[PDB]
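Visitor: My numbering numbers the first residue of the sequence shown as -17 and each following residue consecutively.
Beta carbons: idealized from backbone N, C-alpha and C, even for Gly.
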Amino acid sequence: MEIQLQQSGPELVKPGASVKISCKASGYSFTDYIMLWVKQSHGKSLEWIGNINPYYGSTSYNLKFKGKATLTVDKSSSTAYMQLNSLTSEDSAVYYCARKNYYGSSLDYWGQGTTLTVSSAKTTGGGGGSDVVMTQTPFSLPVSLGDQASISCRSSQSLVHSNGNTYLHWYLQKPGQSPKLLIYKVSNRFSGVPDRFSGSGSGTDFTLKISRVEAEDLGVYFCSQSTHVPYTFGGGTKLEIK
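1) Is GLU198 helix, strand or coil when you go by DSSP?
2) Can you give the beta carbon distance from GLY25 to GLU(-16), rounded, assuming they're within the 8 Å contact cut?
3) Touch check for the segment 163 to 179 and the segment 119 to 130: three-plus C-beta pairs under 8 Å?
4) Rank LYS82, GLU72, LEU127 and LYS224 by C-alpha distance to the C-alpha of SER208 and give the top, closest one.
5) Would you please verify whether the beta carbon of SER208 is less than 9 Å from any beta carbon of chain C?
6) Report the residue ranges of all beta strand (DSSP E) runs contained in full by the segment 36 to 113; include only those spanning at least 3 residues, in chain order.
7) Is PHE121 helix, strand or coil by DSSP?
8) Are the segment 189 to 204 and the segment 125 to 144 touching by the rule of at least three beta carbon pairs closer than 8 Å?
9) Take the Cβ of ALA51 as the centre, count every other Cβ of all protein chains shown within 10 Å, and call the residue buried at 16 or more, exposed below.
10) On the CB-based measure, 16 or more other CB atoms within 10 Å of its CB, does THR96 come out buried or exposed?
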């Protein structure tokens, strides 16, 4: 009908338990896209958990989560599932569902999110390969609406891909809901988006720009790289009022 990922309600489980979060897709062809899951803990904000191809059912994980998260899909119903085992208070956080396209290797449509609280009490309240770190600065940009804003995401290493493209994306998350794609591949405004937003830079130095900051543009700005696996996100930049 129209693009929408419908994640399961909020969970509340005690340690040692397992959970199975659902992600209902509608508005597009389920087997034609990779479903990517993300963990946002407030206190790391964003981490790529894994990918799943609905079509062949093939998975791909971030070492950090492989062995604890199991991604399966069920096709008649157009849904993706992520299961978490042996839960601990560390697992407490918000998990997002995210569809990733091929042309831009970006997350263009996210789920609303599922809050999971791991708790024992009834009611709410060795060598290795280097992963690309994404340093974002500055991480809080206090402003007076109107003035120019320029954030910069630095990549431990070049994001240039063999095919000539550079998979660096900018997302904007408003307190409350899921992140939203602003720019894909360094400087391409996504379906929608304002035009006062422009991404530049190459190699290792990238920059987003808002030559005039408006209120609807206050939140946390996240840059993300998907040229390398694991997919990685910058720390985020808080753009708020003085």
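Guide: Taking the geometry as given:
1) Within the sequence shown, residue 198 is the residue found at index 216, counting from 1. In the three-state reduction of the DSSP assignment, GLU198 falls in the helix class.
2) Here the question's residue 25 lines up with position 43 in the sequence shown. Here the question's residue -16 lines up with position 2 in the sequence shown. Contact doesn't hold; Cβ gap of about 34 Å is too wide.
3) No, the segment 163 to 179 does not touch the segment 119 to 130.
4) Translated into positions along the sequence shown, residue 208 becomes position 226. Per the Cα distances, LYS82.
5) Considering every chain present, this structure includes no chain C. It has just one protein chain.
6) 41 to 43, 51 to 56, 61 to 66, 75 to 82, 89 to 92 and 96 to 100
7) Locating residue 121 in the sequence shown gives position 139, where the first residue counts as 1. Note: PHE121 maps to coil in three-state DSSP.
8) yes
9) For the purposes of this step, residue 51 is taken as residue 69 along the sequence shown, with counting starting at 1. Classification of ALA51: buried, given that the 10 Å Cβ count is 16 or more.
10) Stepping through the sequence shown from its first residue, residue 96 is reached at position 114. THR96 is buried by the Cβ-count criterion.
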